[PDB]
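Sequence first, structure after, both from an experimental entry:
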Amino acid sequence: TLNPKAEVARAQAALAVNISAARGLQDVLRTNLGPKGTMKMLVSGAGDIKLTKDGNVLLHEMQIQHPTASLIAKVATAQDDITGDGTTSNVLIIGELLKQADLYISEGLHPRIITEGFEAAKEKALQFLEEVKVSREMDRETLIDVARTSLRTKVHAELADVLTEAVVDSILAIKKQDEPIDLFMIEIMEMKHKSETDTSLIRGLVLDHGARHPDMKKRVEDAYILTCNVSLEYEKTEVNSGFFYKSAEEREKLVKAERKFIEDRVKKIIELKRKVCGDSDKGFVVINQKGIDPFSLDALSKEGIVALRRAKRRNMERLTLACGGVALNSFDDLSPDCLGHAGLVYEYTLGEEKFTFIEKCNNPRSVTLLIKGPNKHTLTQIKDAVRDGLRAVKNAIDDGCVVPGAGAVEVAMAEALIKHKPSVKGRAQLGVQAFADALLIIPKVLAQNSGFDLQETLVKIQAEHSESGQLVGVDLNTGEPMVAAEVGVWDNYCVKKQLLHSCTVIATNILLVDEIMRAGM
Amino acid sequence: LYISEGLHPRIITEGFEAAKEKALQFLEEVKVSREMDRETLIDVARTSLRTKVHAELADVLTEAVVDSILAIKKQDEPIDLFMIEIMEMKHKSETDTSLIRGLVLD
Amino acid sequence: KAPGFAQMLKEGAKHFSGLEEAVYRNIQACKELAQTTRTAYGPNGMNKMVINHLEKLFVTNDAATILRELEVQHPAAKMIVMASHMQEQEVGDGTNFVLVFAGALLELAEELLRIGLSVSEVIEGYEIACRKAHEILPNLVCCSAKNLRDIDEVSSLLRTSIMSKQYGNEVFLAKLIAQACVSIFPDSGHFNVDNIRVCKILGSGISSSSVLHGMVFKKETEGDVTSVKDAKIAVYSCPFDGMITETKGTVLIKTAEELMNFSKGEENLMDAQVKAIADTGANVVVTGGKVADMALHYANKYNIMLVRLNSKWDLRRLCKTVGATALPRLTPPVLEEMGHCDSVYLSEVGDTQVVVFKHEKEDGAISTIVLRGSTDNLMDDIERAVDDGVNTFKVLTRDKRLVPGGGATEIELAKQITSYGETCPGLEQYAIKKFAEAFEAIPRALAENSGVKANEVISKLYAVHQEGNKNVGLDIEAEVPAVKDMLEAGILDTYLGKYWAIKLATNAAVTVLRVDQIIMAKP
Amino acid sequence: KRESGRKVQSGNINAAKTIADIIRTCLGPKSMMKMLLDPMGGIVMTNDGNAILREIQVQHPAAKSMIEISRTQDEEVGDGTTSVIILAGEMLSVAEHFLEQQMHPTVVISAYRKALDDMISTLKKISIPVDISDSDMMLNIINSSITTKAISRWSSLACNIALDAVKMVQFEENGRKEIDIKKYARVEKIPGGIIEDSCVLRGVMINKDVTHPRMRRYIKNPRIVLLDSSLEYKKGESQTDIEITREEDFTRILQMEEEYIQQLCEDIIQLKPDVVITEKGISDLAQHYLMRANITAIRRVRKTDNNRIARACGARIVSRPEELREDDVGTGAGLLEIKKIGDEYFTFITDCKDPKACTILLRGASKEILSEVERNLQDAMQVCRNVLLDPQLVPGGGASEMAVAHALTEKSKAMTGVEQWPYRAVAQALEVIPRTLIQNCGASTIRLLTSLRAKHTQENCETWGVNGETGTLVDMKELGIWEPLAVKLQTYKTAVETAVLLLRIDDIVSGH
Ligand SMILES: Nc1ncnc2c1ncn2[C@@H]1O[C@H](COP(=O)(O)OP(=O)(O)O)[C@@H](O)[C@H]1O
Ligand SMILES: Nc1ncnc2c1ncn2[C@@H]1O[C@H](COP(=O)(O)OP(=O)(O)O)[C@@H](O)[C@H]1O
Ligand SMILES: Nc1ncnc2c1ncn2[C@@H]1O[C@H](COP(=O)(O)OP(=O)(O)O)[C@@H](O)[C@H]1O
């Protein structure tokens, strides 16, 4: 029953093909869950090596051979765009949801009955999450526990204290008075010639191109920032003329007249420099994005100006909002109203290149986090951990509620679902039981990666019962139960919230797949 | 299902021995010590004979099997199945099965 | 068609299952890398018959040279190679240490994973033992450099670095390298191995070599000028010949009259272009290509010292030392692109005229070791031993701390780490105890390469070290498996060499253990 | 090469049956998904019957006929297309009487055509009228599409848009009450706003951009002009381009280009208009007179798009601009606005009149949500079209199928002949519709379908269908699953007419 040059899987074996793919993708990513989990390598083929535990990178950048498994990879992309965390745990729950459903489907149960149980277990699990969440105030002591919990899953337990204080302070500098937050205010720079532990903050901003003249000032403790976008190099004739010459030297003599339009504008720069506090113990800085002539640079260098040229659009953008200097598109309208101001402005010399720093600003509404490492892939690994750490502190601050980690929420919700009689359909509880057992994969995998027994760990945390709020988790170093709220392990409310919404939708849709047809393949 | 998760087999057998001892105690609580009478044994013999016939010889064989034991059951003696001999005969249908108060010879 | 492939789901990347032990495959690749370099350890190291990418035959025993020509493709092995490249920074020795020790950790880690220990428990134990090693290693510091800048002191310490790279010439090279290094240590905080530029000449042998100041170059002065102190220097890679413009400049020669005229035009062009050099006052020029015969007359006409350096890298040294850049056209009279030098002159050493660029007025820190050799292969191997010797004392510009050699530290450090492993309860004792046995792989290789039974040597070292007789290492001898004191024998390593090597070797092995599955990816 | 004999009819059955087995589970609110392996290794998890068959490659011509007939259904009715192919496949799946009994197709076709006249009559018996004046009933009717969609948050909004929009286009005075959603209800998207800002423009919206600022920005009494000719220099009968090399001849050909474009524009501005709308393009010289006249420049407006304008504002179409009489004035128009609403210009000539046409404004927050609201509203307009064309609903949820099947089975008792056997087989084929609704929910098919047929025997046939969500039986009077009559009649005819077609094929021949 099929046309030539095609194929069709009519019976229920098409569903088993999708269950087998999710089971395989589960066993791949389960080894990189948590801090004690292993790392995966990404060989680009060209010769670039890359190590990372971020499940979004192991699904987005890693191409997957199986067709069905590539769908779940696209969801991990969508999961990372909303919360930025939980992509690995999303796949493990999907793999176990479809695993538990196959046990009942083999007994003659329809998939649509199981999916209706997931929708019921989701609402019960979603309501229980509202009770477990802690709506305490976010303080530096709390965000450190969030940043440590997020950063230890991406580093070697050595850059924890290094990147923790930087990731937390970077967020506190860009929020006050309940203002909306934006991570684009933080710039992420990378530099070589230093060990991995040399990461630190930069209150100001880093610029690529530096000054080019021997008489430049290596540091300017105070200056007015002049934003510009005019090419101070040799330009064409600005008036309605041409090249009326008789030899090469006469052509060069007209270039001098063409430089009169630029050379005079250099004097306008020197004029406002001498006017706006050109006295002793003062300075002046120009951040003109376009080029500057070598001879014109000699004029500004002798006046004590630290000039810059050939900047990027991103540098001029942050330089404006940070320093306040308005971009002057023509020196005819030069005026002191367009001038900014800043504190220390210096160029730190590295072994190979140099970069300009504009630190000691009042409230630039923009900062920079300077990462340092010996290798290329190590810098990319730390860049991903910082972005995952910042987004984790962002969610805890925006969504003021946090939830315990170490599988304490999954263990508590699973006990709640089992203590929940049917309310939508009698047979729907089989899916609720499958949803309950699916949530327990998170503490199970944490016991495996830590090297402890999968069954002993889960049974101990399940036996913890009392006449009071009690949420225990997996101790990766001990294996015994552990109150995640006491030791300082906290997850976000949106991460666990989006897991139940993402796991149920995909595990549902994959179960509703009845046939796999080739669309001209 | 659990052995694939890395569980040892010997641990599973200890759970069976604990559930088995609890399972046996549940029978003592739910067992009905009803006195043996005709109606009670009819339901028991019907429950056994219906699982081996076409639901037509059940009502026929039920009253015969019940009365066969009652014929030999008296004085609180241990029931011996050697007291009941089973004889077969052709040339008749299946529903003609009935009891004989005495022996039958070839 | 079912059954499917176990774990193979990502771009057909072979995902070795749990029974296949994917971690073991990466250990085997790093294990195989050590066996290639394990035999190149010590003075009795076996040379390698290397075939360059240009089908050139070179024989050497340097570890870094092997990895450069040996195109390592397994990324698990590349981690140790990247650790060796990091070992080249902050120190110029210990490359085989990172390869032999990291392979020993991975070899012994597989023994632990087979028992059933988790990969994280092995990582945590090695990181703990590495910290104990950094605490035990300063206590092993027996003697240190006296800080006198004496050739006798410096030559005594360089014997260990030069040895294991060029045997037999331990005495001469220790003195030759010392004479070039002591001349810069007075420049406090400015010593650079880059300042000591090695130049090699085909000659009798290593014994005919000498040490000289300034940038020495074997190619004599093409001009007839001996010495000139002109700072104005200009390098022109373009060969001196008849000038041609970048424009059309079509020269049409039809008759013998026009031939001699334009042939004389080339005489006027070279005379006009060489005249421009003297107009700027640059009486020193370096040629990258050939030299025309008429230019030799013009070089002596305006009294310009002309030099011919055909090697490109010889010119790059001048471009980075004095600043004179190599322009593409025929003698561009650009004073901006010129260099600076206080003294320049020709010199005759070893029946060979060599040009010299030194700094008489300025402080100066440049030097050169003019090597002589009959075979360029053996002469190029001596160059690499000089860099390992110069870099040894570039480290001693830092804290001057030495430790014993010949495997003495590796047994003393293993003896002390095994003690902490016995006291430390839990599962960390297995990885800590094996971390101590990883140090035994160093003298085991040092003993195997000497033709000595390895186990007979380790038993003697652990026996005398149990008696408190520290500083006892392996006696290099083909027939004698005995031991001797390395301090009195004068065999000493660097403290930072073992520190940075133990640190990078541990991290190199941990980065491999943390990995458990290699996956391919398409951009 | 070719096919002949009994292999053709049995082959056409397996092809049509195979296409229906694909989308058997794509029926109802609990429809199942399908996995389509792209050639590049990609997957699309759609559950739309039209989209699945559109992407599948078919070799048999019988399958192409089944698919091409389904596409014709979508143009007329955007709903019930999946029921056509399933019924056509089930009506053809009864190959016992076709070949194994050696009956001729004319005997089968005569029975299938006899049942079709009976199926049509029975559906009208179980029908029920609707009070279209009360919009509350149409809300419950149109919710069949809004249900299980993102627009449920503004479900009442979609009804008022689609309900009132089709009522304007419905020109009942012509007797037949024809409706044209494609022409007289042109839909255009507007970035900006949200789903709540979606409304219906009581006019014609042209998406022409603003080329110059010298144009009317806001007007209270527009005056629109209409003409088909282009505002450019009169060329020859052929498309020969004008090639000139002499400078003196340039001023002559240039003056002819300026004067004729000048004189034509002078007559357009004599009426003092506010916007010149032309069917053809407008050159640069012609636009210099429009910006000088301080009037808006509009071009590229189709014939029907211009016909609606003359009904809206009262303009008059003219061949050329020179014959523009005073009648061509858009007096009474509401307003002329070329405001840039959401980074895109939109020409509004709305008024207080209903010129047998309208235009729907799709406001939204993004192109993704706009397209979601767009495709969800078109089906609601078609349901309003099907109800307003024939306000009679029939019980859904498989009730109309089982209700009709009982009529044929009881009517076949008086059918003396061999045609009774295929006549009854068509009745059993209608049972497949609730057979799939029950299979998707997971409930037992035989147990409920057996009891379902018993309810139609004893109780009234107008109710007691099937609940696709719960799976149990329910009355359609208690659950608003009422579907139109015109959709079921056309769904029943197209299934029988399609099955009659493939049964009439006996030789697949090649030749041109
Ligand atoms: N001290 C810590 N103890 C126990 N579990 C932790 C700890 N830190 C993180 N985890 C667990 O690791 C899991 C993965 O964290 P993370 O890497 O942020 O998400 P993902 O693995 O989905 O990218 C979380 O579910 C969390 O419970
Ligand atoms: N002549 C020698 N006698 C004893 N031990 C030696 C001798 N030469 C070198 N060694 C030992 O060999 C080791 C390796 O030396 P070297 O080759 O310079 O470094 P690498 O092997 O890392 O390149 C040193 O740790 C040193 O103790
Ligand atoms: N809420 C409902 N309850 C029961 N049956 C329904 C419901 N909605 C739709 N149906 C049934 O599902 C069938 C298909 O509906 P629909 O999906 O709108 O058309 P198609 O399947 O052709 O796209 C209809 O015949 C109708 O009777």
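Noted; the coordinates are in hand. Numbers count the residues shown, from 1 in each chain, chains lettered A, B, ... in the order given. Ligands and ions are numbered 1, 2, ... in the order given.

Spatially central, which residue of chain A would that be?
Geometric centre of chain A, nearest residue: residue A:387, 2.7 Å, by CA atoms, centre = their mean.

For that one, what are phi and psi?
phi -60, psi -40 (degrees, to the nearest 10).

which ones are touching it?
A:84, A:183, A:188 (CB atoms under 8 Å, 6 or more residues apart in numbering or on different chains). Just so you know, the C-beta spots here come from the backbone N, C-alpha and C atoms, and that holds for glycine as well.

filter those residues down to the ones close to ligand 3.
Residues of these in contact with ligand 3 (CB under 6 Å from any ligand atom): none.

Same list (those) but as a markdown table, adding secondary structure.
Shown next, in a markdown table, are these (DSSP: H, G, I helix; E, B strand; the rest coil):
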| residue | secondary structure |
| --- | --- |
| A:84 | coil |
| A:183 | helix |
| A:188 | strand |
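
Counting by contacts, list what the strand or helix carrying residue C:403 packs against.
Residue C:403 is part of strand C:402-404, with elements assigned from DSSP states H and E. Applying 3 or more CB pairs under 8 Å, 6 or more residues apart in numbering or on different chains; DSSP states H and E, one finds that strand C:402-404 contacts strand C:492-494, helix C:495-514.

hmm, it in reach of ligand 2?
No - using CB under 6 Å from any ligand atom, we find that strand C:402-404 stays clear of ligand 2, coming within 7.6 Å at best.

just the helices in the stretch 151-300 of chain A please.
A:160-172, A:248-275, A:294-302 (DSSP state H, counting those that start in this stretch).

And the last one, what's buried?
What it means is helix A:294-302. For helix A:294-302, burial by neighbour count (16 or more other CB atoms under 10 Å in any protein chain shown) applies to A:296, A:297, A:299, A:300, A:301.

Next up, the contacts around residue C:141.
Per CB under 8 Å, 6+ apart, neighbours of residue C:141: C:401, C:402, C:403, C:495.

Closest to ligand 1 out of the residues you listed?
residue C:495 (36.8 Å; CB to the nearest ligand atom).

what's around that closest one, how many residues?
22 (other CB atoms under 10 Å in any protein chain shown).

And it, how far from chain B?
Distance of residue C:495 to chain B, given as CB to the nearest CB, to the nearest Å: 47 Å.

Tell me which residues touch that residue, please.
Counting by CB under 8 Å, 6+ apart, residue C:495 has contacts C:137, C:138, C:141, C:399, C:401, C:402, C:403.

just how off-centre is the strand holding residue C:403 within its chain?
Its chain's C-alpha centre and that of strand C:402-404 lie 21 Å apart, by CA atoms, centre = their mean, to the nearest Å.

close to ligand 2, is the very next helix or strand once past it?
Per DSSP H and E, the first helix or strand lying C-terminal to strand C:402-404 is helix C:408-423. No - against ligand 2, helix C:408-423 shows no contacts by CB under 6 Å from any ligand atom, the least distance being 7.6 Å.

Stretch C:36-51 too?
Yes - Stretch C:36-51 reaches ligand 2 (CB under 6 Å from any ligand atom) through C:41, C:42, C:43.

Angles on the backbone of the closest residue to the second one other than its chain neighbours, please.
The one in question is residue C:42. In this structure, residue C:42 finds its nearest non-sequential neighbour in residue C:446, 4.8 Å apart by CB to CB, 6 or more residues apart in numbering or on different chains. Here is the backbone geometry of residue C:446 (degrees, to the nearest 10): phi -60, psi -30.
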